[PDB]
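J.: Structure supplied as work-v8.txt; contents: compact mmCIF, C-alpha atoms and all ligand atoms.
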```txt
# COMPACT_ATOMS: atom_id res chain seq x y z
CA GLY A 1 25.53 19.75 -17.15
CA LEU A 2 28.42 17.88 -15.39
CA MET A 3 28.27 14.24 -16.79
CA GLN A 4 31.88 13.83 -18.12
CA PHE A 5 32.32 10.31 -19.61
CA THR A 6 35.52 8.50 -18.40
CA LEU A 7 37.22 5.39 -19.76
CA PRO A 8 39.14 2.78 -17.81
CA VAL A 9 42.82 3.78 -17.43
CA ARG A 10 44.35 1.77 -20.40
CA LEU A 11 41.60 3.01 -22.80
CA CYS A 12 41.87 6.55 -21.43
CA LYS A 13 45.62 6.51 -22.38
CA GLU A 14 45.62 4.28 -25.51
CA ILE A 15 42.62 6.12 -27.11
CA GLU A 16 44.90 9.17 -27.68
CA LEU A 17 47.29 7.14 -29.96
CA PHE A 18 46.61 6.67 -33.74
CA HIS A 19 47.00 2.84 -33.41
CA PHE A 20 44.20 2.36 -30.82
CA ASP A 21 41.86 -0.64 -31.45
CA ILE A 22 38.32 -0.16 -30.00
CA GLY A 23 38.14 -3.81 -28.92
CA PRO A 24 35.47 -6.55 -29.12
CA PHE A 25 32.81 -5.13 -26.71
CA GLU A 26 30.15 -3.58 -29.04
CA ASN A 27 28.27 -2.01 -26.07
CA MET A 28 31.30 0.23 -25.17
CA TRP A 29 31.66 1.76 -28.71
CA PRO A 30 28.99 4.50 -28.10
CA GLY A 31 30.66 5.63 -24.84
CA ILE A 32 33.98 5.63 -26.74
CA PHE A 33 32.47 7.84 -29.49
CA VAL A 34 30.86 10.32 -27.06
CA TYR A 35 34.11 10.61 -25.06
CA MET A 36 35.90 11.55 -28.32
CA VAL A 37 33.21 14.13 -29.30
CA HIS A 38 33.42 15.68 -25.77
CA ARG A 39 37.30 15.92 -25.72
CA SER A 40 37.41 16.91 -29.45
CA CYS A 41 34.64 19.57 -29.64
CA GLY A 42 33.59 20.44 -26.04
CA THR A 43 30.92 18.90 -23.72
CA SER A 44 28.59 21.84 -24.73
CA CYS A 45 28.51 21.38 -28.59
CA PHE A 46 25.79 18.58 -28.55
CA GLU A 47 22.75 17.73 -26.36
CA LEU A 48 23.58 14.30 -24.82
CA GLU A 49 19.94 12.92 -25.05
CA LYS A 50 19.81 13.80 -28.83
CA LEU A 51 23.37 12.54 -29.53
CA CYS A 52 22.80 9.08 -27.98
CA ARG A 53 19.54 8.71 -29.96
CA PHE A 54 21.44 9.68 -33.19
CA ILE A 55 24.32 7.20 -32.43
CA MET A 56 21.88 4.31 -31.84
CA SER A 57 19.80 5.01 -35.03
CA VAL A 58 23.10 5.14 -36.98
CA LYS A 59 24.23 1.78 -35.45
CA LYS A 60 20.83 0.24 -36.40
CA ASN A 61 21.35 1.34 -40.10
CA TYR A 62 24.81 -0.37 -40.41
CA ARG A 63 24.43 -3.99 -41.55
CA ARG A 64 25.92 -7.37 -40.54
CA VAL A 65 28.71 -7.54 -43.20
CA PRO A 66 32.27 -8.73 -42.45
CA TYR A 67 34.08 -5.32 -42.87
CA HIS A 68 31.87 -2.21 -43.76
CA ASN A 69 30.04 -2.46 -40.41
CA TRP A 70 29.51 -0.44 -37.21
CA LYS A 71 33.01 -1.38 -35.82
CA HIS A 72 34.47 0.17 -39.04
CA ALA A 73 32.40 3.34 -38.57
CA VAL A 74 33.76 3.86 -35.02
CA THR A 75 37.36 2.84 -36.01
CA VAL A 76 37.20 5.57 -38.74
CA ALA A 77 35.74 8.16 -36.26
CA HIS A 78 38.57 7.34 -33.79
CA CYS A 79 41.31 7.87 -36.42
CA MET A 80 39.77 11.27 -37.37
CA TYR A 81 39.70 12.18 -33.63
CA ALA A 82 43.44 11.41 -33.33
CA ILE A 83 44.08 13.77 -36.32
CA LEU A 84 41.96 16.58 -34.84
CA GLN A 85 43.61 16.26 -31.37
CA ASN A 86 47.25 16.36 -32.78
CA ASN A 87 46.25 19.39 -35.00
CA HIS A 88 44.31 21.23 -32.22
CA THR A 89 44.25 24.75 -33.74
CA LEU A 90 43.94 24.14 -37.53
CA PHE A 91 40.13 23.40 -37.42
CA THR A 92 36.92 25.48 -36.89
CA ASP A 93 34.34 24.60 -34.15
CA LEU A 94 32.01 23.36 -36.99
CA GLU A 95 34.62 21.19 -38.81
CA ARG A 96 35.33 19.29 -35.53
CA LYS A 97 31.53 18.65 -35.10
CA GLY A 98 30.96 17.75 -38.81
CA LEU A 99 33.93 15.44 -39.39
CA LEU A 100 33.42 13.04 -36.43
CA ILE A 101 29.72 12.69 -37.50
CA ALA A 102 30.85 12.36 -41.15
CA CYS A 103 33.13 9.42 -40.17
CA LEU A 104 30.40 7.65 -38.12
CA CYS A 105 27.97 7.90 -41.10
CA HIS A 106 30.47 7.52 -44.00
CA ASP A 107 29.35 3.91 -44.80
CA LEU A 108 25.67 3.93 -43.64
CA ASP A 109 23.69 0.94 -45.09
CA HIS A 110 26.72 -0.63 -46.86
CA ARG A 111 25.95 -4.21 -48.14
CA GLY A 112 29.62 -5.09 -48.88
CA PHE A 113 29.56 -4.36 -52.70
CA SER A 114 31.57 -1.78 -54.72
CA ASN A 115 30.03 0.89 -57.01
CA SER A 116 31.28 -1.30 -59.91
CA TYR A 117 29.01 -4.24 -58.85
CA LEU A 118 25.91 -1.97 -58.44
CA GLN A 119 26.58 -0.74 -62.08
CA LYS A 120 26.93 -4.29 -63.52
CA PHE A 121 23.91 -5.60 -61.51
CA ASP A 122 21.98 -2.44 -62.61
CA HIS A 123 20.92 -1.59 -58.98
CA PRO A 124 18.29 1.22 -58.71
CA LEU A 125 20.86 3.34 -56.77
CA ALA A 126 23.13 3.23 -59.94
CA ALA A 127 20.19 4.83 -61.87
CA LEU A 128 19.66 7.56 -59.25
CA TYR A 129 23.45 8.47 -58.93
CA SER A 130 25.89 7.64 -61.82
CA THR A 131 29.16 8.39 -59.83
CA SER A 132 30.11 7.80 -56.14
CA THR A 133 26.93 5.63 -56.06
CA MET A 134 27.24 4.21 -52.52
CA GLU A 135 28.73 7.45 -51.12
CA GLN A 136 25.73 9.53 -52.31
CA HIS A 137 23.55 6.81 -50.70
CA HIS A 138 25.52 7.02 -47.37
CA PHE A 139 25.09 10.84 -47.35
CA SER A 140 21.36 10.45 -48.20
CA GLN A 141 20.93 8.02 -45.22
CA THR A 142 22.75 10.56 -42.94
CA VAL A 143 20.25 13.33 -43.81
CA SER A 144 17.33 10.84 -43.15
CA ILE A 145 18.48 9.99 -39.63
CA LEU A 146 19.01 13.74 -38.93
CA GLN A 147 15.32 14.46 -39.96
CA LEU A 148 13.84 11.81 -37.53
CA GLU A 149 12.10 13.39 -34.46
CA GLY A 150 14.45 14.06 -31.48
CA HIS A 151 17.51 13.34 -33.76
CA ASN A 152 18.60 16.91 -34.85
CA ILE A 153 21.97 17.03 -33.03
CA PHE A 154 22.47 20.40 -34.83
CA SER A 155 19.13 22.01 -33.57
CA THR A 156 21.00 24.92 -31.77
CA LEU A 157 22.82 26.00 -34.99
CA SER A 158 21.61 28.96 -37.14
CA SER A 159 20.08 28.13 -40.55
CA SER A 160 23.54 29.25 -41.98
CA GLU A 161 25.77 27.04 -39.80
CA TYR A 162 23.36 24.08 -40.32
CA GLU A 163 23.97 24.42 -44.14
CA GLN A 164 27.78 24.80 -43.74
CA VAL A 165 28.02 21.68 -41.48
CA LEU A 166 25.86 19.50 -43.88
CA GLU A 167 28.17 20.66 -46.75
CA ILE A 168 31.30 19.59 -44.74
CA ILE A 169 29.59 16.21 -44.04
CA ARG A 170 28.51 15.79 -47.74
CA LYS A 171 31.99 16.53 -49.30
CA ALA A 172 33.61 14.52 -46.43
CA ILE A 173 31.42 11.41 -47.17
CA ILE A 174 31.84 11.75 -51.00
CA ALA A 175 35.67 11.82 -50.62
CA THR A 176 35.57 8.27 -49.17
CA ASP A 177 35.08 7.20 -52.86
CA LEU A 178 38.62 5.85 -53.39
CA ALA A 179 38.19 6.49 -57.19
CA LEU A 180 38.35 10.26 -56.30
CA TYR A 181 41.41 9.96 -53.90
CA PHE A 182 43.98 9.51 -56.78
CA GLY A 183 43.21 12.90 -58.43
CA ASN A 184 42.67 14.57 -55.01
CA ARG A 185 46.15 13.47 -53.77
CA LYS A 186 47.93 14.27 -57.15
CA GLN A 187 46.54 17.89 -56.96
CA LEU A 188 47.51 18.29 -53.24
CA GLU A 189 51.10 16.96 -53.93
CA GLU A 190 51.54 19.70 -56.67
CA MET A 191 50.03 22.55 -54.51
CA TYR A 192 52.38 21.68 -51.57
CA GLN A 193 55.69 21.35 -53.62
CA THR A 194 54.93 24.52 -55.66
CA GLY A 195 54.14 26.34 -52.32
CA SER A 196 50.52 27.32 -53.39
CA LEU A 197 48.74 25.29 -50.66
CA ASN A 198 46.76 27.89 -48.59
CA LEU A 199 44.25 26.74 -45.83
CA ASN A 200 42.13 29.95 -46.17
CA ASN A 201 41.31 28.82 -49.72
CA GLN A 202 38.05 26.93 -48.90
CA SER A 203 38.84 25.06 -52.23
CA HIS A 204 42.02 23.77 -50.47
CA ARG A 205 40.49 22.87 -47.03
CA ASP A 206 37.93 20.66 -48.90
CA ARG A 207 40.77 18.71 -50.61
CA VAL A 208 42.72 18.38 -47.28
CA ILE A 209 39.59 17.12 -45.46
CA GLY A 210 39.08 14.71 -48.38
CA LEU A 211 42.62 13.34 -47.79
CA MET A 212 42.02 12.99 -44.02
CA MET A 213 38.84 10.98 -44.98
CA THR A 214 40.88 8.57 -47.16
CA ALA A 215 43.51 8.37 -44.34
CA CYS A 216 40.87 7.51 -41.66
CA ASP A 217 39.01 5.15 -44.03
CA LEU A 218 42.23 3.17 -44.78
CA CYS A 219 43.51 3.21 -41.15
CA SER A 220 43.45 -0.64 -40.76
CA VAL A 221 46.89 -0.32 -42.53
CA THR A 222 48.12 2.00 -39.62
CA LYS A 223 47.53 -0.47 -36.74
CA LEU A 224 49.74 -3.04 -35.03
CA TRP A 225 50.40 -5.94 -37.43
CA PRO A 226 48.02 -8.50 -35.77
CA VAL A 227 45.08 -6.00 -36.06
CA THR A 228 46.15 -5.26 -39.69
CA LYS A 229 46.39 -9.01 -40.49
CA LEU A 230 42.98 -9.81 -38.89
CA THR A 231 41.18 -6.85 -40.55
CA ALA A 232 42.56 -8.03 -43.98
CA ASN A 233 40.68 -11.38 -43.47
CA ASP A 234 37.42 -9.33 -43.12
CA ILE A 235 38.17 -7.09 -46.14
CA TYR A 236 38.84 -10.12 -48.39
CA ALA A 237 35.67 -11.85 -47.06
CA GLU A 238 33.66 -8.98 -48.64
CA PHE A 239 35.86 -8.87 -51.77
CA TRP A 240 35.39 -12.65 -52.44
CA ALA A 241 31.58 -12.54 -51.76
CA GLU A 242 31.37 -9.74 -54.42
CA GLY A 243 33.41 -11.82 -56.90
CA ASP A 244 31.08 -14.78 -56.26
CA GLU A 245 28.15 -12.40 -57.25
CA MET A 246 30.17 -11.24 -60.27
CA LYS A 247 30.49 -14.88 -61.53
CA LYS A 248 26.72 -15.20 -60.97
CA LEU A 249 26.21 -12.30 -63.48
CA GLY A 250 28.52 -14.19 -65.98
CA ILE A 251 31.61 -11.95 -65.43
CA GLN A 252 35.19 -13.00 -64.45
CA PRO A 253 35.96 -10.90 -61.34
CA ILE A 254 39.25 -8.94 -60.93
CA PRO A 255 41.81 -11.02 -58.87
CA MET A 256 41.34 -8.80 -55.73
CA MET A 257 37.81 -10.35 -55.70
CA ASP A 258 38.69 -13.91 -56.84
CA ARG A 259 38.85 -16.27 -53.81
CA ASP A 260 40.63 -18.72 -56.22
CA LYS A 261 43.64 -16.30 -56.19
CA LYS A 262 43.97 -16.33 -52.30
CA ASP A 263 47.61 -17.40 -52.90
CA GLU A 264 48.54 -13.90 -54.39
CA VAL A 265 47.00 -11.92 -51.44
CA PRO A 266 50.37 -10.82 -49.93
CA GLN A 267 51.69 -9.69 -53.37
CA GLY A 268 48.30 -7.82 -53.83
CA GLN A 269 48.71 -6.02 -50.43
CA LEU A 270 52.22 -4.80 -51.63
CA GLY A 271 50.52 -3.32 -54.71
CA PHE A 272 47.97 -1.53 -52.53
CA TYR A 273 50.51 -0.24 -49.90
CA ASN A 274 52.84 0.96 -52.79
CA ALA A 275 50.03 2.42 -55.06
CA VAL A 276 47.56 3.80 -52.40
CA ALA A 277 48.35 3.65 -48.67
CA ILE A 278 52.00 4.86 -48.59
CA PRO A 279 51.38 7.77 -51.02
CA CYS A 280 48.23 8.65 -49.00
CA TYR A 281 49.91 9.00 -45.57
CA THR A 282 53.07 10.53 -47.19
CA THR A 283 51.11 13.47 -48.74
CA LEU A 284 49.00 13.80 -45.55
CA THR A 285 52.12 13.98 -43.29
CA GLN A 286 53.55 16.75 -45.59
CA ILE A 287 50.32 18.82 -45.17
CA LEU A 288 49.81 17.87 -41.44
CA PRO A 289 53.17 16.90 -39.93
CA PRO A 290 51.84 15.55 -36.55
CA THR A 291 50.07 12.67 -38.46
CA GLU A 292 53.57 11.13 -39.02
CA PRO A 293 52.77 8.09 -36.81
CA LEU A 294 50.21 6.96 -39.50
CA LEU A 295 53.03 6.95 -42.11
CA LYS A 296 55.43 5.17 -39.76
CA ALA A 297 52.85 2.44 -38.93
CA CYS A 298 51.96 2.04 -42.65
CA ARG A 299 55.68 1.44 -43.55
CA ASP A 300 55.95 -1.19 -40.72
CA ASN A 301 52.93 -3.11 -42.09
CA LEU A 302 54.30 -2.87 -45.68
CA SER A 303 57.48 -4.40 -44.23
CA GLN A 304 55.39 -7.12 -42.47
CA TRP A 305 53.74 -7.97 -45.90
CA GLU A 306 57.26 -8.25 -47.51
CA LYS A 307 58.11 -10.78 -44.70
CA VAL A 308 55.01 -12.88 -45.64
CA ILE A 309 56.13 -13.30 -49.31
CA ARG A 310 59.68 -14.36 -48.21
CA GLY A 311 58.24 -17.36 -46.22
CA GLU A 312 59.33 -15.73 -42.80
CA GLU A 313 55.52 -15.91 -41.80
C1 LIG B 1 38.34 -0.90 -51.29
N1 LIG B 1 39.06 -1.12 -50.01
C2 LIG B 1 38.33 -1.14 -48.73
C3 LIG B 1 40.40 -1.33 -50.01
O1 LIG B 1 41.03 -1.34 -51.05
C4 LIG B 1 41.17 -1.53 -48.78
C5 LIG B 1 40.99 -0.78 -47.62
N2 LIG B 1 41.88 -1.25 -46.76
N3 LIG B 1 42.68 -2.24 -47.31
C6 LIG B 1 43.77 -2.92 -46.62
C7 LIG B 1 42.26 -2.43 -48.59
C8 LIG B 1 42.80 -3.40 -49.56
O2 LIG B 1 43.26 -4.47 -49.24
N4 LIG B 1 42.83 -3.09 -50.86
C9 LIG B 1 43.33 -3.94 -51.91
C10 LIG B 1 43.60 -3.31 -53.18
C11 LIG B 1 44.06 -4.02 -54.28
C12 LIG B 1 44.23 -5.40 -54.10
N5 LIG B 1 44.63 -6.40 -54.98
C13 LIG B 1 44.57 -7.58 -54.29
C14 LIG B 1 44.93 -8.87 -54.89
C15 LIG B 1 45.48 -8.91 -56.16
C16 LIG B 1 45.82 -10.14 -56.67
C17 LIG B 1 45.63 -11.33 -55.98
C18 LIG B 1 45.04 -11.28 -54.75
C19 LIG B 1 44.71 -10.04 -54.21
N6 LIG B 1 44.22 -7.38 -53.06
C20 LIG B 1 43.95 -6.05 -52.86
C21 LIG B 1 43.47 -5.33 -51.74
MG MG B 2 32.72 3.44 -48.20
ZN ZN B 3 34.69 3.06 -44.90
```
So, in terms of structure tokens, how does the structure I just supplied come out?
T.:
Amino acid sequence: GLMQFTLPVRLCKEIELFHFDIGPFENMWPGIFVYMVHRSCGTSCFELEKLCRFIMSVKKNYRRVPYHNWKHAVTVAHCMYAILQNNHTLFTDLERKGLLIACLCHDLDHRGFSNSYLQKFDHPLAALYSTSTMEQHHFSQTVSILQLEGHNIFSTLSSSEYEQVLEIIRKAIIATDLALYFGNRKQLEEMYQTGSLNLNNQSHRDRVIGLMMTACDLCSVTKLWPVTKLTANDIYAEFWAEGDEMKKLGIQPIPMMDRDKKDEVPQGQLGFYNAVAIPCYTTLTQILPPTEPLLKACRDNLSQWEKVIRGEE
């Protein structure tokens, strides 16, 4: 069992940094992911034949949308890998397994619409799950692909460990609901400043993993400015498609989703960096100090968005 994956030199070095971009070659993303599972969890923790079959069924169940696509899934797995590798000792053998899989599956079958739009359209999924609609769907699709023949990457786990690792994956995928992030971060802020944060409290690990999930999900804000700029074009392309569908239901969309308010984009990024991103990576860096580079990179991009407003680009 001696089939170590390697990456060309620049990838082998740059993949270890939080600000790595996985590049434009779709057919290398699976090798990238396996390399991260091997270095992150051990070469022994998964059966390579089963893993590759799981990766490729997951890829097939991501859709051709401008942002919530397979490249996003792998980008979010890579950020999580950076966190695990710079916090080597804080995490169980199971959590390392669960959380990289969680990140790969966190947006399975996304069609580029918010929970809000499923509610107003009255989508069947909104009937089946009243909150975290898409996120309960993503988790449901994860379980499906696990129950296909030759796809149980967790076969060699006990019935017990199997149930623990699906529970890490479930809570991990739910926490990508940004509506939950606000309360989750408020509570973590208070536990850390009134000294009560304790990582043997399973109630507290859950919350911390939930914040890592927001961190990894938002990580386009933690890249070099030209990656951040170009990912924003993709995010808005989904946002403006959804607003078009809003107007089709007879509903004025929020400005975020109004392509007619393109002009205010930079001002709207400030809002988002100030209200969501900066507070996110702040609180995370307090709980897990080696994640500081995510904060630093977020501040730089916030500064780059200030430059756009002031006509200096
Ligand atoms: C759900 N989701 C994926 C994200 O929020 C996300 C993830 N990464 N990034 C970078 C974002 C993001 O850009 N969010 C965001 C939030 C409020 C906004 N208001 C606006 C805006 C307001 C007025 C006029 C024009 C525009 N633009 C906005 C963009
Ligand atoms: Mg999502
Ligand atoms: Zn996502």
J.: Please give me, as a compact mmCIF listing (two decimals) with C-alpha atoms, in the frame of the given file, the residues lying within 12 Å of ligand ZN 3 (chain B) when counting only C-alpha atoms and all ligand atoms.
T.:
```txt
# COMPACT_ATOMS: atom_id res chain seq x y z
CA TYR A 62 24.81 -0.37 -40.41
CA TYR A 67 34.08 -5.32 -42.87
CA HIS A 68 31.87 -2.21 -43.76
CA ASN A 69 30.04 -2.46 -40.41
CA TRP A 70 29.51 -0.44 -37.21
CA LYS A 71 33.01 -1.38 -35.82
CA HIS A 72 34.47 0.17 -39.04
CA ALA A 73 32.40 3.34 -38.57
CA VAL A 74 33.76 3.86 -35.02
CA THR A 75 37.36 2.84 -36.01
CA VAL A 76 37.20 5.57 -38.74
CA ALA A 77 35.74 8.16 -36.26
CA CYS A 79 41.31 7.87 -36.42
CA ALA A 102 30.85 12.36 -41.15
CA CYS A 103 33.13 9.42 -40.17
CA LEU A 104 30.40 7.65 -38.12
CA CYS A 105 27.97 7.90 -41.10
CA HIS A 106 30.47 7.52 -44.00
CA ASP A 107 29.35 3.91 -44.80
CA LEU A 108 25.67 3.93 -43.64
CA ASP A 109 23.69 0.94 -45.09
CA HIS A 110 26.72 -0.63 -46.86
CA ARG A 111 25.95 -4.21 -48.14
CA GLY A 112 29.62 -5.09 -48.88
CA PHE A 113 29.56 -4.36 -52.70
CA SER A 114 31.57 -1.78 -54.72
CA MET A 134 27.24 4.21 -52.52
CA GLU A 135 28.73 7.45 -51.12
CA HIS A 138 25.52 7.02 -47.37
CA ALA A 172 33.61 14.52 -46.43
CA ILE A 173 31.42 11.41 -47.17
CA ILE A 174 31.84 11.75 -51.00
CA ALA A 175 35.67 11.82 -50.62
CA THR A 176 35.57 8.27 -49.17
CA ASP A 177 35.08 7.20 -52.86
CA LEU A 178 38.62 5.85 -53.39
CA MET A 213 38.84 10.98 -44.98
CA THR A 214 40.88 8.57 -47.16
CA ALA A 215 43.51 8.37 -44.34
CA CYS A 216 40.87 7.51 -41.66
CA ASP A 217 39.01 5.15 -44.03
CA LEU A 218 42.23 3.17 -44.78
CA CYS A 219 43.51 3.21 -41.15
CA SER A 220 43.45 -0.64 -40.76
CA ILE A 235 38.17 -7.09 -46.14
```
J.: Find the axis-aligned box for segment 107-122 of chain A, covering all its listed atoms and adding 3 Å on each side, and write its centre and edge lengths in Å to one decimal as AutoDock Vina command-line options.
T.:
```
--center_x 26.8 --center_y -0.8 --center_z -53.6 --size_x 15.6 --size_y 15.5 --size_z 25.9
```
J.: Which residues are near ligand LIG 1 (chain B) - at most 7 Å, using all atoms listed in the file? Format: as a ChimeraX atom specification.
T.: /A:218,220-221,232,235,255-256,261-265,267-269,271-272
J.: Is there a way to get, as an mmCIF file with C-alpha atoms, in the frame of the given file, all residues within 8 Å of the point (38.9, -14.6, -49.1) in file coordinates, counting all atoms listed in the file?
T.:
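Full text of result.cif as output:
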```cif
data_model
loop_
_atom_site.group_PDB
_atom_site.id
_atom_site.type_symbol
_atom_site.label_atom_id
_atom_site.label_comp_id
_atom_site.auth_asym_id
_atom_site.auth_seq_id
_atom_site.Cartn_x
_atom_site.Cartn_y
_atom_site.Cartn_z
ATOM 1 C CA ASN A 233 40.680 -11.380 -43.470
ATOM 2 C CA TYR A 236 38.840 -10.120 -48.390
ATOM 3 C CA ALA A 237 35.670 -11.850 -47.060
ATOM 4 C CA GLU A 238 33.660 -8.980 -48.640
ATOM 5 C CA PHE A 239 35.860 -8.870 -51.770
ATOM 6 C CA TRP A 240 35.390 -12.650 -52.440
ATOM 7 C CA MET A 257 37.810 -10.350 -55.700
ATOM 8 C CA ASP A 258 38.690 -13.910 -56.840
ATOM 9 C CA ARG A 259 38.850 -16.270 -53.810
ATOM 10 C CA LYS A 262 43.970 -16.330 -52.300
#
```
J.: Would you list the contacts of residue 44 of chain A as a list in words, taking every protein, DNA or RNA residue within 12 Å and counting all atoms listed in the file, but skipping same-chain residues closer than 5 positions in sequence?
T.: residues 1, 2, 3, 4, 34, 37, 38, 39, 51, 93, 97, 153, 154 and 156 of chain A
J.: Could you tell me how far atom CA of residue 116 of chain A sits from atom CA of residue 247 of chain A, in Å to one decimal place?
T.: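 Atom CA of residue 116 of chain A lies 13.7 Å from atom CA of residue 247 of chain A.
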J.: My list of candidates is A:35, A:180, A:121, A:83. Which is closest to ligand MG 2 (chain B) when distances are computed with only C-alpha atoms and all ligand atoms?
T.: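 Result for the nearest residue to ligand MG 2 (chain B): A:180.
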J.: Rounded to one decimal in Å, what is the spacing between atom CA of residue 54 of chain A and atom CA of residue 151 of chain A?
T.: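 Value for the atom CA of residue 54 of chain A-atom CA of residue 151 of chain A distance: 5.4 Å.
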J.: Compare A:160, A:148, A:81, A:59 by their minimum atom-to-atom distance to residue 20 of chain A, counting all atoms listed in the file, and give me the closest one.
T.: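 Ranked by minimum distance to residue 20 of chain A, first place goes to A:81.
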J.: Give the answer as one residue: which of A:158, A:203, A:132, A:304 has the shortest atom-to-atom distance to ligand MG 2 (chain B), using only C-alpha atoms and all ligand atoms?
T.: A:132
J.: With only C-alpha atoms and all ligand atoms as the atoms that count, which of A:46, A:5, A:139, A:273 lies nearest to ligand MG 2 (chain B)?
T.: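 Between A:46, A:5, A:139, A:273, the residue approaching ligand MG 2 (chain B) most closely is A:139.
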J.: Let me make sure I understand: among A:187, A:222, A:140, A:147, which one has the smallest atom-to-atom distance to residue 170 of chain A if we use all atoms listed in the file?
T.: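 Among the listed residues, A:140 lies closest to residue 170 of chain A.
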J.: In Å, with one decimal, what is the gap from atom CA of residue 294 of chain A to atom CA of residue 223 of chain A?
T.: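 Going from atom CA of residue 294 of chain A over to atom CA of residue 223 of chain A, I get 8.4 Å.
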